[PDB]
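Novice: Encoded as structure tokens, here's the structure I'll be asking about.
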Amino acid sequence: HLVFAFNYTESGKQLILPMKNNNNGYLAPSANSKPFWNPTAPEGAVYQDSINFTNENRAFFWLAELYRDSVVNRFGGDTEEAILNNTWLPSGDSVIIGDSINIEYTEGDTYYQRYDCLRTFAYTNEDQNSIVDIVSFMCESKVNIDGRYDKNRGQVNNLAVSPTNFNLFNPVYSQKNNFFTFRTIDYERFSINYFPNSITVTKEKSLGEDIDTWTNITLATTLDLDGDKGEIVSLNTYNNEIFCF
Amino acid sequence: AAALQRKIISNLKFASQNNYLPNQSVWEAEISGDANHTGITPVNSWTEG
Amino acid sequence: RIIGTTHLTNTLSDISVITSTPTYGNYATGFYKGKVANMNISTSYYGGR
Amino acid sequence: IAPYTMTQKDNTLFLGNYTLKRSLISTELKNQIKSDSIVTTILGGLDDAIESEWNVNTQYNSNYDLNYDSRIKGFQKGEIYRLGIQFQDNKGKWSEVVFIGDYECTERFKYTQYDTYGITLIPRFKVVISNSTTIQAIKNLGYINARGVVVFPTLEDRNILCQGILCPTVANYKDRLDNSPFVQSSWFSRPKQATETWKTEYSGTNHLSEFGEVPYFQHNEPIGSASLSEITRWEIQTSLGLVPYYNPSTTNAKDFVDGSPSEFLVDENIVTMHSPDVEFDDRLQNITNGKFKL
Amino acid sequence: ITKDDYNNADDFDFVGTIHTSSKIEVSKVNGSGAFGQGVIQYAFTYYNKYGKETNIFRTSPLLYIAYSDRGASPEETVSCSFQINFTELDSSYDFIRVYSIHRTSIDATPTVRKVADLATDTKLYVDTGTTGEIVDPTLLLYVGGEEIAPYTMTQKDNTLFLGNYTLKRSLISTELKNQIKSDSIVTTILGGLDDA
């Protein structure tokens, strides 16, 4: 888990999670009474605010977020130059270009799945007093939480659960559209596309119930002649032999 | 007599739904210029010790 | 040749006591762990203790 | 390819002096598409749109989303996503990507559990281009279809690290004075209560034990008490409900704590965030003094 | 012969020339990536597309693949990533190549990887341990190649022959070595890191 601590107020008090609708506040100290861990504390020694939230009427946990404010060079840079080095993934189904283009990015990277946090479990299997505590709640995550492949989910017993039994995970389900990936191309960059001395060779025509091998060019069997004679003017065959002019 | 050997308690709090605050009422630990709203100490991940 | 010194400031100490037999007193407290030297670097006066 | 000559030996075709016909999009058209992109965030859902499997007539219903496609993925509300758009030729060949800008989401997920069903809303971006000149220019290049393309953020450039509940911690009086431990994970999870009627419930015969016991969740409230009206709340046998406050003019800290050194206090000033990413993603379990805001 | 901006006599040699004063600093980012335990060193070299290739002009110091608070076990994989901040690169070249010499023991044969072929105008690159082709360690010595003064050539099957060649080796005369030794004002200073 993650553990952190609110900083003390500028007056020296303690900052606390706010109390919703000004209900169920902290235990206020009596006059001239200090905490036993901080004799040199101000009067009250506690600061607490409230949030005017009415949609919640039952018990709750303050759902919160580890915000980060400053992020320099997010994806390597904002320029086309940085965008060139980035790897892109597909998102959404293909739509026809009619009088207007209306795209909808269906596939993102965030899930929304039930998460059962086994907060506490037994130190040993023979000790006297042990506690098991679970908190099942919905949350946003970049990991497919529903890939949990153990059957100790949503059962009242929850007595023998442990990290060995409760939250076994199969990472494979948290897979992206990695297979078909694309990237940006620079228009003014000069990458050649002309091969005057080069011969591509297709596969032998199967002449069976499949595609025509000639129409499928893969450039996997190229052959390059010497460039200090000239371009390939002509290719010809004569008595079972290819001759190139 | 009736000496304790092993007692265990289980609990599974279930949150059937999450209610999110509007943007106006979001609570931020850091608000620059606010004396009371000081921030958070550096985050730490606990694993074993 | 001795070239320098070390600026001792604190000391992290711990204690553990296990007895084969129970305590003599039927209602005795037994092993009691007190506070010893577990102090920050700032309290450097009580160093090397 | 644009070859120049051919032969044919042993049912194999040769193709010499060829040019790889590559069709690109001019920079001015890329910029025009970028300027003409009206991107907005919408709250969409799945085709079914009604999850009848889940109801409030059961002890536990695991919201299982693996029976659907991978379109269940959404977008974090405060995240930055570098968006783009593709085009398809008459053959099915996808063109390059047209970077349209880094755009931040503005709608969160929303699950609402009704009596007999639940409704989940997935945030989705939506790019709208209506400039007929740009669309005609795109069509003139031989393109027919178009698709959304995105670059997702890495953990280093993420605005959001994780999301999870906040659980108050606990601390023993004697240990806190000793600072051997100063805080520790609460053995029981300690949610806040929306109202104060439970205090009146813990009085007389109002509280029936079958309802369950609310834990000690207030900040400095000791975990324990001497009032038999709330006896079922007691979590430790050796607790006397000693408040963690003393008058310095009367007693010292050590003497005050010695009245009940095995007493514990709750601590909402120091919390323990429990997110699924920390448990499942091993990269978040090694953070050491990370500078983040809550 | 299709280029008319030749301005120096070194523009025609087999080995490329570097005009700008490249400043490349490499720092370790912790939290993301997948690297093996050990030390890593980065080597850089320009190369024109279908053209010449410079020697290894800059090599980063050793960087430690360890956790943010402890070392790594010999069998552990660390989630580290190294950001490379290029500054004032030779834009005349088509690409700048990045290598990574990875050591998993003491004086062991490292695992050289060809990280990426970045453009000579890019200003930042983060090297996660995933991408890269594992090239042989010995070919880091063949980058650029030797400088020879051949006499004749042929050209068969797209292969060049070079006969009756002299290995042009340029040494420093003893008198200049002694002059440099005498003119060296060496002193010891108390420096620190950039952060300080």
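Note that we place each Cβ from the backbone using ideal geometry, even for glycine, and neighbour counts take in every protein chain shown. Read-outs: derived from the displayed coordinates by stated rules, not from any lab.
Novice: Could you list which residues have their amide H under 5 Å from that of residue E:100, counting only those 5 or more apart in sequence or on another chain, with H placed in the peptide plane?
Specialist: Correct list: E:43, E:113, E:115.
Novice: Could I ask something else about it? Quick one, can you get me the convex hull of the C-alpha atoms of chain B expressed as volume per residue in Å³?
Specialist: Cα-based convex hull of chain B, divided per residue, equals 254 Å³.
Novice: If amide hydrogens are placed 1.01 Å from N in the peptide plane, which non-local residues have theirs closer than 5 Å to the one on residue E:72?
Specialist: Excluding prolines and chain starts, which carry no amide H, the hits are E:67.
Novice: Which entries of D:34/D:139; D:77/D:293; D:293/E:123; A:20/D:110; E:28/E:52; A:13/A:34 show an alpha-carbon separation above 23 angstrom in the structure shown?
Specialist: D:293/E:123; E:28/E:52, as the Cα separations exceed 23 Å there.
Novice: Is the C-alpha gyration tensor of the stretch D:208-294 telling us rounded, prolate or oblate? Criteria: a/c under 1.5 is rounded; beyond that, a/b larger than b/c is prolate, otherwise oblate. Mind dumping the intermediate values first?
Specialist: Values: a/c = 3.06, a/b = 1.46, b/c = 2.09.
It is oblate, given that a/c is not under 1.5 and a/b is not larger than b/c.
Novice: Further, regarding this structure: Is the shape of chain A rounded, prolate or oblate, going by the alpha carbon gyration tensor and its root eigenvalues a ≥ b ≥ c, with a/c under 1.5 for rounded and a/b larger than b/c for prolate?
Specialist: Since a/c reaches 1.5 and a/b is larger than b/c, the shape of chain A is classed as prolate.
Novice: When the label point is put 7 Å from the Cα of residue C:5 along its Cα-to-beta-carbon vector, which residues of the stretch C:26-45 have a backbone N closer than 20 Å?
Specialist: It comes to C:41-45, nothing else.
Novice: Express the relative contact order of the stretch D:179-294 as a whole percentage, based on alpha carbon pairs under 8 Å and six or more residues apart in sequence.
Specialist: Details: 95 pairs, mean separation 26.3, N = 116.
Rounded, it is 23 percent for the stretch D:179-294.
Novice: What average number of partner chain Cβ atoms lie no more than 10 Å from the Cβ of the residues making up D:172-181? Could you put the intermediate results ahead of the total?
Specialist: On the way: counts 0, 2, 4, 1, 3, 3, 5, 5, 4, 0.
Counting Cβ atoms of other protein chains within 10 Å of each residue's Cβ and averaging gives 3.
Novice: Roughly how far apart, in whole Å, are the Cα centres of the stretch E:76-148 and the stretch D:95-143?
Specialist: 38
Novice: Still on this structure: How much mean residue ellipticity at 222 nm does the protein assembly as shown get from its helices, if each DSSP H run of length 4 or more adds -39500 (n - 2.57) and you divide by all residues, to the nearest 500 deg cm²/dmol?
Specialist: Numbers: 8 runs with 54 residues, N = 833.
When only DSSP H runs of four or more count, the value is -1500 deg cm²/dmol.
Novice: Taking 22 Å as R0, compute the FRET efficiency from the Cβ-Cβ separation of residue A:204 and residue D:20 and round it to 0.05.
Specialist: Taking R0 as 22 Å, the efficiency between residue A:204 and residue D:20 is 0.40.
Novice: Could I ask something else about it? Most mobile of D:110, D:73, D:21 per a Gaussian network model of chain D (Cα springs, under 10 Å)?
Specialist: Looking only at D:110, D:73, D:21, the biggest GNM fluctuation is shown by D:21.
Novice: State the Cα centre-to-centre distance between the stretch E:1-58 and the stretch D:168-236 in whole Å.
Specialist: 65
Novice: Moving to a separate point now. Name the most mobile residue of B:19, B:36, B:11, meaning the one with the largest mean-square fluctuation, in a Gaussian network model of chain B with Cα contacts below 10 Å.
Specialist: Sorting by GNM fluctuation, first place goes to B:11.
Novice: Which whole-Hz ³J(HN,Hα) couplings does the stretch A:230-240 yield from phi under the Karplus relation 6.51 cos²θ - 1.76 cosθ + 1.60, θ = phi - 60°, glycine and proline marked x?
Specialist: My calculation for the stretch A:230-240 gives x, 5, 6, 5, 8, 10, 9, 10, 8, 6, 6 Hz in order.
Novice: Now for a separate question. Looking only at other chains, what is the average number of their beta-carbon atoms within 10 angstrom of each beta-carbon in A:42-49? Walk me through the intermediate numbers first.
Specialist: Numbers: counts 0, 0, 0, 2, 4, 5, 4, 3.
The per-residue average across the peptide is 2.
Novice: Also: For q = 0.17, 0.19 Å⁻¹, what log10 I(q)/I(0) does chain E give under the Debye formula with an equal point scatterer on each alpha carbon and no solvent?
Specialist: Debye intensities relative to I(0), on a log10 scale: -1.24, -1.34.
Novice: Okay, moving on. Would you mind telling me which residue in E:29, E:186, E:115 has the biggest mean-square fluctuation in a Gaussian network model of chain E, where springs connect alpha carbons within a distance under 10 angstrom?
Specialist: It is E:186.
Novice: Taking θ as phi - 60°, what are the ³J(HN,Hα) couplings along the stretch D:32-47 by the Karplus curve (6.51, -1.76, 1.60), each to the nearest whole Hz, with x for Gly and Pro?
Specialist: Coupling constants for the stretch D:32-47: 5, 5, 4, 6, 8, 7, 9, 8, 9, 9, 10, 9, x, x, 7, 5 Hz.
Novice: Filter the chymotrypsin sites (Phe, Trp or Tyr not before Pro) in the stretch A:116-191 to those in DSSP coil with at most 15 other Cβ atoms within 10 Å of their Cβ, and list the result.
Specialist: A:123, A:149, A:179, A:180, A:187, A:190
Novice: Here is a follow-up. Across the residues of D:67-74, average count of Cβ atoms on other protein chains within 10 Å?
Specialist: 6
Novice: What is the Cα centroid distance between the stretch A:180-245 and the stretch C:16-37, reported in whole angstrom?
Specialist: The stretch A:180-245 and the stretch C:16-37 have Cα centres separated by 88 Å.
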